[PDB]
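In the authors' numbering, the protein residues as written are 3 to 156. Quick reminder that beta carbons are idealized off the backbone N, C-alpha and C, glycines included.
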């Protein structure tokens with residue numbers, strides 16, 4: 003489909019491309035050193051390493067593809083987010099969709115479908131009040147995920 007975004011949206015996505023690239027290279031810069039420190043025998047290295055190279059490649063080239071479907075947006079121009087709202091998401095790097103809805107504390111669960119998550123949860127508080135094509139940064143343990151808000155149906 004078409005892929006719709008905002009000012010910070012773009013940039014904060016781009017920042018990350020720029021971010022991930024600087025990574026790929028330092029990764030490559032490792033691999034050739036190993037493929038070089040070769041008069042050795044591979045798997046601990048060539049494995050993790052080549053794999054790691056790709057991870058990022060695929061990550062990268064993923065974000066790239068996205069930012070060309072990109073259509074920018076005049077701010078404040080859209081449905082917002084409150085409780086009714088159910089929000090469809092995807093993560094720019096990896097594009098793994100994920101759909102949830104904001105709900106009063108008591109009818110909150112991970113059992114229902116488009117998961118019913120709480121307005122007083124981080125992710126609640128956190129995804130509260132943004133628009134389609136906004137890009138968010140929620141807290142993971144393992145650091146921090148970023149999602150395109152992919153239409154606030156509801």
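Relative to the C-alpha of residue i, which candidate in the options has its C-alpha closest?
| i | options | result |
| --- | --- | --- |
| residue 86 | 121, 60 and 80 | 121 |
| residue 92 | 110, 128, 134 and 115 | 134 |
| residue 78 | 132, 22, 141 and 45 | 132 |
| residue 76 | 37, 12 and 28 | 12 |
| residue 62 | 35, 82, 26 and 81 | 26 |
| residue 114 | 124, 88, 99 and 139 | 88 |
| residue 70 | 43, 129, 3 and 124 | 3 |
| residue 19 | 39, 42, 40 and 59 | 59 |
| residue 142 | 155, 128 and 43 | 128 |
Considering only residues of the same chain and omitting the five flanking positions on each side of residue i, which have a CB-CB separation below 8 Å?
| i | result |
| --- | --- |
| residue 68 | 5, 15, 94, 97 and 150 |
| residue 109 | 118 |
| residue 137 | 7, 8, 10, 11, 14, 15, 94, 148, 149, 150 and 151 |
Using the three-state DSSP reduction, which class does residue i fall into: helix, strand or coil?
| i | result |
| --- | --- |
| residue 15 | helix |
| residue 144 | coil |
| residue 69 | coil |
| residue 91 | strand |
| residue 99 | coil |
| residue 61 | helix |
| residue 133 | coil |
| residue 25 | helix |
To which residues of the same chain is residue i closer than 6 Å at the C-beta, ignoring the five residues directly before and after it?
| i | result |
| --- | --- |
| residue 101 | 90 and 116 |
| residue 31 | none |
The beta strand (DSSP E) spanning residue i covers which residue range?
| i | result |
| --- | --- |
| residue 137 | 137 to 141 |
| residue 129 | Segment 124 to 129 is the alpha helix (DSSP H) holding residue 129; no beta strand (DSSP E) there. |
| residue 119 | 117 to 120 |
In chain order, what residues of the same chain have a beta carbon less than 7 Å from the beta carbon of residue i, not counting five sequence neighbours either side?
| i | result |
| --- | --- |
| residue 33 | 51, 52 and 55 |
Do the region 100 to 110 and the region 38 to 55 meet, that is, are 3 or more Cβ pairs less than 8 Å apart?
no
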